[PDB]
Every structure is written in C-alpha cells, then in structure tokens.
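Below are the chains, spelled out letter by letter.
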Amino acid sequence: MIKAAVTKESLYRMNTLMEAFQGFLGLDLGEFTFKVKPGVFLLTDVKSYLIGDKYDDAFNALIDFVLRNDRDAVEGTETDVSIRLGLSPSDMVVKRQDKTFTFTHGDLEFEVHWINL
C-alpha cells in the first residue's frame, strides 16, 4: 500500500525535493509527504496513512535508515532512472539511480526507494 522514496545528501539540496520525486510511486497531488533533514531526505506516500504518531517510526525513522546507510552502500536493487526536479523544464530531469529496497521499522512495511539525484 505505502511505498516511500528518498534521497541522501542530494546534490540538488531540498529545494522542494518533494516535488522532484512527487510520488514517483503512486501520488498525484497532496498525496505526498516529505521530511527534510540534513544529508537525508524522506519522501513518503502516506496520504491517508500514518504509523500512529504523525510521522513516527518511519516517516522520520527512514531518515535514520538512510542516515546509517548510504547510497550504493545498501542492500538494494538499483535501476537507472530520471526524475524531474520539481520546477519547470529548465529544471530538467536528472539522471539518477533508483535503489529499490525495503525499510522495515516496527509497525509498518513499505517499498522504499533510493532516489539519489
């Protein structure tokens, strides 16, 4: 049901990295949720969903996931993809890797992706 997408130490800075991936997993608008943290950014699809405490145990714990791990240094499944950087065509899609994996924190399970721009 829920599936997250993230970025670590993004070269682009947040700058609304929420709108970069913008639910590249299954969100149209407002359906997406994103937590901004230094060196670790979380974009989740928790529209009508919370773990229990309004972003607790993943949606700011996956932050920890990315924070103890690193891109490539993860047990994941990488795909070559491209994402639009929030803004207009001038802010053209960048070539990035989609590192597919699962973040299992105790209460929830969701297909999370490393969206390293």
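Residues numbered from 1 in each chain as written, not as in the entry; some residues may be left out. Heavy atoms only, no water.

This entry lists solution NMR as its structure determination method.

Let us now look at the overall build of the protein. If you tally the helices and strands in the protein, you get two helices and six strands. Secondary structure elements in the protein, listed N-terminal to C-terminal, are β-α-β-β-α-β-β-β. For the protein, the C-alpha radius of gyration of 13 Å lies close to 13 Å, the compact-globule estimate for 117 residues. Taking the principal axes of the C-alpha coordinates as reference, the protein spans close to 40 × 30 × 25 Å. The burial tally for the protein puts 46% of its 117 residues in the buried class. Here the contacts in the protein between residues at least 6 apart in sequence split such that 50% fall between residues at least 24 apart. With an accessible surface of roughly 6,200 Å², the protein has 46% of that area assigned to carbon and sulfur atoms. (Helix = DSSP H or I, 4+ residues; strand = E, 2+ residues; numbered from the N terminus. Rg over C-alpha atoms; globule rule 2.2 N^0.38 Å. Buried < 20%, exposed > 50% of the residue type's maximum accessible area, 1.4 Å probe, protein only. Contact = heavy atoms within 4.5 Å. Areas by Shrake-Rupley, 256 points an atom, 1.4 Å probe, with all protein chains shown as cover.)

So, about the pairing of strand 6 (residues 108–116). The buried fraction of strand 6 is high, at seven of nine residues. Where strand 1 (residues 5–8) and strand 6 come together, two bridges link them in parallel fashion. Following the sheet pairing, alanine 5 is matched in strand 6 by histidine 113. Pairing between strand 5 (residues 94–105) and strand 6: nine bridges, direction antiparallel. Note that in strand 6 the partner of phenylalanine 103 across the bridge is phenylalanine 110. (Pairing = 2+ DSSP bridges.)

The phi angle at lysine 54 is positive, at roughly 55°, despite the residue not being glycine. Mapped onto the elements of the fold, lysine 54 is located in the loop between strand 3 (40–44) and helix 2 (62–68). Unlike most non-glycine residues, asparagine 60 shows phi in positive territory, near 135°. Tracing the sequence through the fold places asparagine 60 in the loop between strand 3 and helix 2.

A few words now on the sheet that holds strand 5. Strand order in the open sheet formed by six strands is 2-3-1-6-5-4, and the pairing between neighbours is mixed. This sheet does not close on itself; its edge strands, each paired only once, are strand 2 (33–37) and strand 4 (77–83). Along the sheet, successive strands turn relative to each other by an average axial angle of 25°, direction set aside. In this sheet, strand 5 lies alongside strand 4 in antiparallel orientation, the contact comprising seven bridges. Residue pairing across strands places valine 81 opposite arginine 96, the latter belonging to strand 5. (Axes fitted to C-alpha atoms, helices over the stretch in contact; angles between N-to-C directions.)

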